[PDB]
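Quick setup: one chain, the form deposited in one PDB entry, written in structure tokens, and binding and motion questions come after.
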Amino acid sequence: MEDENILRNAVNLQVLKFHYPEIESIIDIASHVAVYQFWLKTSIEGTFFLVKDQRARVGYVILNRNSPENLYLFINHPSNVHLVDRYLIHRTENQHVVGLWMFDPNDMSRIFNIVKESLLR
């Protein structure tokens, strides 16, 4: 019964590449995620796509529902991502932190696993 899943992945990936041509594949998806900063809510909210790019860099795109402004960020090291309270916390080098709020708390641990397994060597 995998046809509809193959097609959905193909439509999703075609749209992603339309915005970001270097995107190579979708690793997984979380239906509804909001982005936070300090913790203050940003304008960015929508579907979260964990993606691999041309150079094998792991990252994610949120296709924003609030405006055409999307978010695309890389996860450079699996250690960059922690579960703290209700946020999936994503840290870049010198204390640059983004907080991901997953509607559905199941996706926190789920996406955390996927990110670590994507960056596993």
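Just count from 1 along the sequence shown to find any residue number. Each form is matched to the other, and the largest set of C-alpha atoms that superpose within 1.5 Å is called the rigid core.
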item	value
Residue 39 preceded by how many uncoordinated deposited residues after residue 38	4 to 9
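Just so it is clear, the following notes concern the form solved in complex with a partner chain, a form of the same protein that is not shown.
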{"query": "Close approach of residue 56 to its partner chain in the entry with it bound, 4.5 Å, heavy atom", "finding": "no"}
{"query": "Residue 91: touches its partner chain in the entry with it bound, heavy atom cutoff 4.5 angstroms", "finding": "yes"}
{"query": "Residue 76, heavy atom within 4.5 angstroms of its partner chain in the entry with it bound", "finding": "no"}
{"query": "Close approach of residue 52 to its partner chain in the entry with it bound, 4.5 Å, heavy atom", "finding": "no"}
{"query": "Position that moves between this form and the one not shown after core superposition, taken from 31, 54, 67, 95, with Cα shift of 2 Å or more", "finding": "95"}
